[PDB]
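> 3D, please:
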Amino acid sequence: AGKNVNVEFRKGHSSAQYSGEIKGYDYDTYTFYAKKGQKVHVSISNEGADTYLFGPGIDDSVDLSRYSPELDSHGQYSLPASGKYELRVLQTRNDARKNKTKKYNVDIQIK
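Numbers count the residues shown, from 1 in each chain. There you are, the coordinates:
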């Protein structure tokens, strides 16, 4: 299926970049540990690839994509709890069902 990757930042830096490609129902998971109140910002090159956040203090998931109402004016989301979070990159059920593919570059920033 999709891949599961542990997010690692270069020491002293606050973002990492990854590339992937999801097909059909495959979704990629970028896992990270962070502290309550730290802010996450995710940008992705392909808007056909949804970007949802799962983790502690989150009911279901939070839409982190650029037009999501969950973000502030800086495109950031404040983590509600400390612990292990998952950023999932996936397609819509429609595109999944139609066996489409999404090639993407994702940037994950945590401050």
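> then stretch 71-82 to CSV, C-alphas only?
Below are the C-alpha coordinates for stretch 71-82, written out as CSV (Å, rounded to 0.1, in the frame of the first residue of the first chain):
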residue,chain,number,x,y,z
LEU,A,71,-6.1,26.9,10.0
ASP,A,72,-5.3,30.5,11.1
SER,A,73,-4.3,33.4,8.8
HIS,A,74,-0.7,32.0,8.7
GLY,A,75,-1.9,28.6,7.5
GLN,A,76,-1.1,27.1,10.9
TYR,A,77,-2.8,24.7,13.2
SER,A,78,-2.1,24.6,17.0
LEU,A,79,-1.6,21.1,18.3
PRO,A,80,-4.2,20.4,21.0
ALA,A,81,-2.1,17.8,22.9
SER,A,82,1.5,16.5,23.3
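> Quick check: residue 24 touching residue 96?
Yes - in this structure, residue 24 is within contact of residue 96 by C-beta atoms under 8 Å, at 5.4 Å. (Each C-beta comes from the backbone N, C-alpha and C, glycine too.)
> mind listing the helices in the protein by residue range?
Listed in chain order, the helices of the chain (DSSP state H) span 93-97.
> Find the nearest non-adjacent residue to the residue nearest to the spatial centre of it, please.
Geometric centre of the chain, nearest residue: residue 87, 3.3 Å, by C-alpha atoms, centre = their mean. What sits nearest to residue 87 in space, not counting adjacent residues and going by C-beta to C-beta, 6 or more residues apart in numbering, is residue 30, at 4.3 Å.
> And for residue 101?
In space, residue 101 is closest to residue 23, 4.7 Å off (C-beta to C-beta, 6+ apart).
> For burial, what's the neighbour tally of the one you found?
15 (other C-beta atoms under 10 Å).
> Please consider this matter closed, and thank you.
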